[PDB]
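Engineer:
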Ligand SMILES: CC(C)(C)OC(=O)N[C@H]1CCCCC/C=C\[C@@H]2C[C@@]2(C(=O)NS(=O)(=O)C2CC2)NC(=O)[C@@H]2C[C@@H](OC(=O)n3cc4cccc(F)c4c3)CN2C1=O
Ligand SMILES: [Zn+2]
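Residue numbers (the entry's author numbering): 982 to 1179.
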């Protein structure tokens, strides 16, 4: 009945993929109990750093990537949810189910990637375990893994970036193309589609 209707929680930043140095590594900044509480309140006072965040809801964990001052992720992870922030829940500024794309204003302290203008097809996918996987671009929204991986390896990395050699954002990881559970290719949201959305 109306009085007892629940609301979905916020997406919560729970860590980040550190790409600053010469070693890439995943860092957790909030544990599960704190994530649960922050999802309910929508109030997150933790400091945010870096370009790739690890994000969670009550039921899923995935990635989100800052590009041109917007924190982007996949709709199949975030739905229409708010994101937790120091001042309470923040509403999505972009929602596009047709593109499997959402975005919120980038949190204070994040750093943004620049959209790629290189026209280059040698790419790199960053996973939630901070693996940096070479990917050859094969079309507007597809690329092949140079070394195939079981899909287990890629699960939870949607919302992460594909980058060019120079570290520009080329796209947002959306889906794995798998045969018999082995991913030989990935599908991504091209950065130009984000740029049009903006
Ligand atoms: C499209 C094609 C060629 C048929 O392929 C596939 O459908 N294959 C599957 C293989 C799944 C096995 C695991 C693969 C491992 C990792 C995958 C990256 C990943 C992920 O980590 N999600 S998550 O755990 O973080 C999760 C917590 C956030 N995404 C998925 O699972 C997505 C979700 C779902 O697809 C979608 O709802 N949309 C809506 C779209 C709108 C436009 C364009 C698109 F393409 C769209 C795809 C199926 N997905 C695949 O990948
Ligand atoms: Zn580039």
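Every residue gets a Cβ at the ideal spot worked out from N, C-alpha and C, and that includes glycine.
(1) With a 10 Å radius around its C-beta and 16 neighbouring C-beta atoms as the bar for buried, classify residue 1162 as buried or exposed.
(2) What did DSSP end up calling residue 1040 once you bin it into helix, strand or coil?
(3) Which residues have a Cβ closer than 5 Å to any heavy atom of ligand 2, listed in chain order?
(4) Could you give the DSSP three-state label for residue 1098: helix, strand or coil?
(5) Can you tell me whether residue 1001 is buried or exposed? The criterion is at least 16 other CB atoms within 10 Å of its CB, across all chains shown.
(6) Among 1024, 1033, 1011 and 1171, which residue has its Cα nearest to the Cα of residue 1110?
(7) Check whether the Cβ of residue 1000 sits closer than 7 Å to any heavy atom of ligand 1, and report yes or no.
(8) Report the residue from 1082, 1020 and 1050 whose alpha carbon sits nearest the alpha carbon of residue 1056.
(9) Suppose you measure from the CA of residue 1061 to the CA of residue 1075; what does that come to, to the nearest Å?
(10) What is the residue span of the beta strand (DSSP E) that residue 1163 lies within?
(11) Within a Cβ cutoff of 7 Å, which residues of the same chain sit near residue 1080, ignoring the five residues on either side of it in sequence?
Structural biologist: According to the data block:
(1) In the chain shown, residue 1162 corresponds to position 181, counting from 1. So residue 1162 counts as exposed.
(2) Along the chain shown, read from residue 1 onward, the residue named residue 1040 stands at position 59. Correct three-state label for residue 1040: coil.
(3) 1097, 1099, 1145, 1147 and 1149
(4) As a working note, residue 1098 is residue 117 in the chain shown. Under the three-state reduction of DSSP, residue 1098 is assigned to coil, being neither helix nor strand.
(5) Within the chain shown, numbered from 1, the residue matching residue 1001 stands at position 20. Label assigned to residue 1001: exposed.
(6) In the chain shown, residue 1110 corresponds to position 129, counting from 1. Out of 1024, 1033, 1011 and 1171, 1033 has the C-alpha closest to the C-alpha of residue 1110.
(7) In the chain shown, counting from the first residue as 1, residue 1000 sits at position 19. No.
(8) Counting from one through the chain shown, the residue named residue 1056 turns up at place 75. That would be 1082, whose Cα lies nearest to the Cα of residue 1056.
(9) Locating residue 1061 in the chain shown gives position 80, where the first residue counts as 1. Locating residue 1075 in the chain shown gives position 94, where the first residue counts as 1. Roughly 9 Å separates the two Cα atoms.
(10) Residue mapping note: residue 1163 aligns to position 182 of the chain shown, counting from 1. Per DSSP, residue 1163 belongs to the beta strand (DSSP E) from 1163 to 1171.
(11) Position 99 of the chain shown, counted from the first residue, corresponds to residue 1080. 1170 and 1174.
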